A.B. asks: 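Quick one: the structure is below, questions incoming.
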Amino acid sequence: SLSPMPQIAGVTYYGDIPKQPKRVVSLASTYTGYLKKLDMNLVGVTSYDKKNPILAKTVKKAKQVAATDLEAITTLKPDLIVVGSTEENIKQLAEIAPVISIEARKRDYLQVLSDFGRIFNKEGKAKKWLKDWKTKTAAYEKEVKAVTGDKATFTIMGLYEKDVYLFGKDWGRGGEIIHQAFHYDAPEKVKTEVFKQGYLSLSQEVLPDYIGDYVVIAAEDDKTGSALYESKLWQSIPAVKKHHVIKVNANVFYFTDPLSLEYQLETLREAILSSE
Ligand SMILES: O=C1CCC(=O)N(O)C/C=C\CCNC(=O)CCC(=O)N(O)CCCCCNC(=O)CCC(=O)N(O)CCCCCN1
Ligand SMILES: [Fe+3]
């Protein structure tokens with residue numbers, strides 16, 4: 001029995017996708033949690049998946065694999081491999097098992113779930129989650145905007161090693177919830193320089209120019225942000241002086257999947273409400 005394999009923008013099939021795969025290898029942390037949400041049995045997952053404190057609990061049995069670990073992936077005997085479209089070795093992966101390749105941003109973070117529901121005939125489960133999400137986020141939006149005001153601007157940022165990044169509405173780090181689910185505006189330069197591009201690496205000195213009312217900042221640990229937070233440049237930013245900086249744990253906040261997002265939603269709601 002094969003998947004109906006619908007034509008979906010950004011989804012490429014290699015081989016005959018099983019309708020009911022029993023041994024799924026996920027090589028893209030974007031998708032792992034969607035597969036889990038739809039009760040797919042994962043036997044391989046990524047390093048990020050293992051470090052995500054929400055998701056990791058659900059995939060303890062899975063082996064940590066990278067896309068280059070062809071031998072380990074083969075040994076796992078998958079009947080389905082799920083990958084991002086930018087992976088360079090799709091040919092060799094497809095020799096191991098059927099592959100679903102997904103190109104980020106062709107479908108939104110919600111569509112991806114209903115898309116997998118169609119691929120695997122789990123539409124009911126997908127629809128129910130999406131319904132509750134849309135109802136909950138609509139209510140939560142009203143609550144948070146009652147504190148911030150409706151026109152408050154948010155910037156999504158992330159700290160990685162010595163680097164500083166801004167993110168748009170659809171590159172994780174809380175952007176889906178802040179920009180899409182809560183319909184928060186962003187500063188002008190964020191909308192014109194970051195949103196379409198997905199992300200932007202930036203030098204410290206111009207950071208003030210991209211921050212308005214609030215900032216959500218992702219990092220994997222406390223030490224990464226240390227120097228920045230103590231800098232005069234940083235302390236000069238109005239949002240910082242007003243205590244409108246929401247620091248979040250990247251280990252879960254990198255992610256976009258339903259399981260991660262459930263946790264991120266409560267965290268962001270609570271953080272914004274307590275900013276008052
Ligand atoms: O899908 C998302 C949000 C968007 C995202 O980050 N992606 O990687 C998916 C879309 C791009 C796939 C193509 N891969 C790359 O461009 C490699 C670099 C990359 O992953 N990026 O996100 C580019 C900007 C961040 C670079 C610094 N690295 C990290 O922050 C590690 C977390 C990091 O960026 N990762 O991707 C690892 C955890 C990802 C969890 C799921 N999150
Ligand atoms: Fe990434």
Side-chain angles (χ1 to χ4, degrees), residues 24 26 28-42 45-62 82 84 102 104-105 107-120 122-148 154 156-158 167-184 214-220 246-275:
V24 177
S26 179
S29 281
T30 308
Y31 305 112
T32 297
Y34 291 85
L35 299 172
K36 172 58 46 172
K37 183 73 215 183
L38 294 182
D39 293 322
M40 299 291 137
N41 181 58
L42 289 159
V45 303
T46 82
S47 62
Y48 288 93
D49 296 337
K50 289 290 178 177
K51 292 182 67 187
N52 176 333
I54 296 296
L55 185 61
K57 301 185 292 195
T58 68
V59 292
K60 286 195 213 77
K61 300 322 211 317
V82 180
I102 309 174
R105 303 171 95 210
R107 302 285 286 166
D108 75 37
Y109 77 105
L110 297 175
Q111 286 169 333
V112 167
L113 180 60
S114 43
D115 291 345
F116 279 135
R118 296 183 65 198
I119 292 163
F120 295 126
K122 302 241 180 141
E123 292 89 338
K125 193 154 206 307
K127 277 180 86 267
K128 172 52 162 46
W129 190 84
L130 292 164
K131 179 181 166 183
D132 294 346
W133 176 264
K134 290 172 192 197
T135 297
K136 176 166 36 157
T137 58
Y140 279 12
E141 175 178 340
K142 295 177 103 286
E143 296 184 84
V144 293
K145 286 185 165 167
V147 170
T148 66
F154 277 69
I156 305 295
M157 71 178 269
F167 300 97
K169 66 179 171 171
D170 60 354
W171 208 277
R173 292 80 175 165
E176 288 79 7
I177 292 164
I178 293 296
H179 292 310
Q180 295 189 58
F182 290 164
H183 300 98
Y184 272 117
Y214 294 77
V215 55
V216 176
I217 312 183
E220 294 174 23
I246 300 167
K247 298 174 186 184
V248 298
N249 177 10
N251 298 295
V252 53
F253 267 85
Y254 286 140
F255 283 73
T256 61
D257 66 274
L259 299 186
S260 303
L261 280 187
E262 285 171 353
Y263 171 78
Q264 296 173 20
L265 177 66
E266 301 305 326
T267 298
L268 289 171
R269 172 181 171 288
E270 276 161 40
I272 296 166
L273 296 180
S274 55
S275 73

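Along the sequence shown, residues are numbered consecutively beginning with 1.
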A.B. asks: Taking the inter-plane angle between the rings of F154 and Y214 on a 0 to 90° scale, is it parallel (under 30°), tilted (30 to 60°) or perpendicular (over 60°)?
C.D. replies: parallel
A.B. asks: What is the minimum heavy-atom distance between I246 and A271, and which atoms define it?
C.D. replies: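 Result for this residue pair: CG2-CB, 3.6 Å.
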A.B. asks: Kindly indicate whether the side chain of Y263, heavy atoms from C-beta on, has any atom under 4.5 Å from the side chain of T267.
C.D. replies: yes
A.B. asks: When rounded to the nearest 0.5 angstrom, what is the spacing between CD in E176 and CG in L268?
C.D. replies: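 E176 CD to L268 CG: 11.0 Å, rounded to 0.5 Å.
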A.B. asks: Would you name the heavy atoms of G33 and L259 that are closest together and state the gap between them?
C.D. replies: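 It is O-CG, 4.1 Å.
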A.B. asks: Is it the case that the side chains of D132 and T135 hold a donor-acceptor pair, with the cut-off being a distance below 3.5 Å and no angle test?
C.D. replies: no
A.B. asks: Looking at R173 and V216, what are the two nearest heavy atoms and their distance?
C.D. replies: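 Heavy-atom minimum between the residues: O-CG1, 3.9 Å.
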A.B. asks: Could you walk me through whether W133 and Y109 pass the side chain to side chain donor-acceptor pair (under 3.5 Å) test, one step at a time?
C.D. replies: CA-CA 12 Å; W133 176 264; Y109 77 105; 3.0 Å; yes
A.B. asks: Would you give the length of the straight line joining atom NZ of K122 to atom CG of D39, rounded to the nearest 0.5 angstrom?
C.D. replies: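 CG of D39 is found 5.5 Å from NZ of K122.
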A.B. asks: Are the side chains of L261 and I177 in touch, meaning some heavy atoms are under 4.5 Å apart?
C.D. replies: yes
A.B. asks: Roughly how far apart are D115 CG and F120 CZ, rounded to 0.5 Å?
C.D. replies: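 Here the rounded value is 11.0 Å.
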A.B. asks: Taking only residues two or more places apart in sequence, or in another chain, which ones meet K145 in a side-chain contact (heavy atoms from CB on, under 4.5 Å)?
C.D. replies: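 Per chain and number, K145 pairs via side-chain contact (heavy atoms from CB on, under 4.5 Å) with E141, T148, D150, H183, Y184.
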A.B. asks: Can you give me the closest heavy-atom contact between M157 and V215, atom names plus distance?
C.D. replies: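 Here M157 and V215 meet closest at CG-CG2, 3.6 Å.
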A.B. asks: For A126 versus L38, what's the shortest heavy-atom pair and its separation?
C.D. replies: N-CD2, 4.1 Å
A.B. asks: Stepwise, does the side chain to side chain contact (heavy atoms under 4.5 Å, CB included) test hold for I217 with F253?
C.D. replies: CA-CA 10 Å; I217 312 183; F253 267 85; over 6 Å; no
A.B. asks: Would a 4.5 Å heavy-atom cut-off, applied to side chains only, mark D257 and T32 as touching?
C.D. replies: no
A.B. asks: Would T256 and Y34 count as a side chain to side chain contact (heavy atoms under 4.5 Å, CB included) if you check the C-alpha gap in whole Å, the side-chain angles of each, and the deciding distance to 0.1 Å?
C.D. replies: CA-CA 9 Å; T256 61; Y34 291 85; 4.3 Å; yes
A.B. asks: Any donor-acceptor pair under 3.5 Å linking the side chain of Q180 with the backbone of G175?
C.D. replies: no
A.B. asks: Indicate the atoms forming the closest heavy-atom contact of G84 with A28, along with that distance.
C.D. replies: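 What the structure gives for the nearest pair is N-CB, 3.6 Å.
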A.B. asks: Taking side chain as C-beta onward, heavy atoms only, is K136 less than 4.5 Å from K131?
C.D. replies: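 Of all side-chain heavy-atom pairs linking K131 with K136, none is under 4.5 Å.
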A.B. asks: Using side chain to side chain contact (heavy atoms under 4.5 Å, CB included), reason through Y31 and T46 one step at a time and then give a plain yes or no.
C.D. replies: CA-CA 11 Å; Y31 305 112; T46 82; over 6 Å; no
A.B. asks: The criterion is salt bridge (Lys or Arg N to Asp or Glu O under 4.0 Å); which residues satisfy it with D108, sequence neighbours excluded?
C.D. replies: none
A.B. asks: Quick check for you: to the nearest 0.5 Å, what is the distance between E220 atom CD and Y48 atom OH?
C.D. replies: 6.0 Å
A.B. asks: Mind checking the NZ-CG spacing from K61 to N41? Nearest 0.5 Å is all I need.
C.D. replies: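 The NZ atom of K61 sits 9.5 Å away from the CG atom of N41.
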A.B. asks: Does NZ belonging to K50 count more than 12 external heavy atoms closer than 6.0 Å?
C.D. replies: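 Yes - once you tally the heavy atoms of other residues, nucleotides and ligands closer than 6.0 Å, there are more than 12.
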A.B. asks: Got a second to check how far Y140's OH is from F182's CZ, nearest 0.5 Å?
C.D. replies: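 That separation rounds to 8.0 Å.
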A.B. asks: Judged by modelled atom types alone, do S260 and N52 share a side-chain donor-acceptor pair under 3.5 Å?
C.D. replies: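 Indeed, the side chains of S260 and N52 share at least one donor-acceptor pair under 3.5 Å.
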A.B. asks: Apply the test side chain to side chain contact (heavy atoms under 4.5 Å, CB included) to residues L55 and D49: give CA-CA distance (whole Å), side-chain angles for both, the deciding distance (0.1 Å), then the verdict.
C.D. replies: CA-CA 6 Å; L55 185 61; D49 296 337; 3.7 Å; yes
A.B. asks: Among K37, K36, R269, whose salt bridge (charged side-chain N to carboxylate O under 4.0 Å, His left out) with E262 holds?
C.D. replies: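 Running salt bridge (charged side-chain N to carboxylate O under 4.0 Å, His left out) over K37, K36, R269 with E262 returns exactly one hit, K37.
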A.B. asks: With side chains defined as the heavy atoms from C-beta onward, is the minimum distance between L130 and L113 less than 4.5 Å?
C.D. replies: yes
